[PDB]
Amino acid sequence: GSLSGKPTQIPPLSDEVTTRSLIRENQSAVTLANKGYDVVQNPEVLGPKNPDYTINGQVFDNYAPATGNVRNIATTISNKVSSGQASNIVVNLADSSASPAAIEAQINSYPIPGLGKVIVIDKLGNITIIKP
């Protein structure tokens, strides 16, 4: 496991909501690096886009749902992919009441076009994988 690249700096004026999403991104990086992934934070990459991480080489983005509405969580991911051009998503359940199990079921019974690897981190720091 490993952790490099500059970690995300949270601007002082950011409110509680925005602040909490940046916290959880910096936290997902550390949690994964300690689980054996090689994690680069805020990697330089070609596109106009600036991804959150690189996880064993693959560009990844953090998504830290506060909602517990599993369907909506899927809808959200789906659109982050279709409109935002996200592919591989770290889904951090720190502030969500939605079970890792239920997310996997949802993403499987309704595939999401474009969606890459999904890594779930539950409230206890347990990693599950949902593969492309």
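Numbering starts at 1 and follows the sequence shown.
> Using only C-alpha atoms and the B-factors in the entry, which stretch averages higher, 100-108 or 79-87?
Taking the mean B-factor of the alpha carbons in each, 100-108 is higher.
> Comparing 42-50 with 24-32, where is the mean C-alpha B-factor higher?
According to the PDB entry, the answer is 42-50.
> Of the choices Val17, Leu124, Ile10, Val120, which one's C-alpha carries the largest B-factor in the record?
Largest recorded C-alpha B-factor: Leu124.
> Is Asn69 in the lowest, middle or highest third of its chain when residues are ranked by C-alpha B-factor?
For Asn69, the deposited C-alpha B-factor lands in the lowest third.
> Relative to the other modelled residues in the chain, which third contains the C-alpha temperature factor of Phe60: lowest, middle or highest?
Answer is middle: the recorded C-alpha B-factor places it there.
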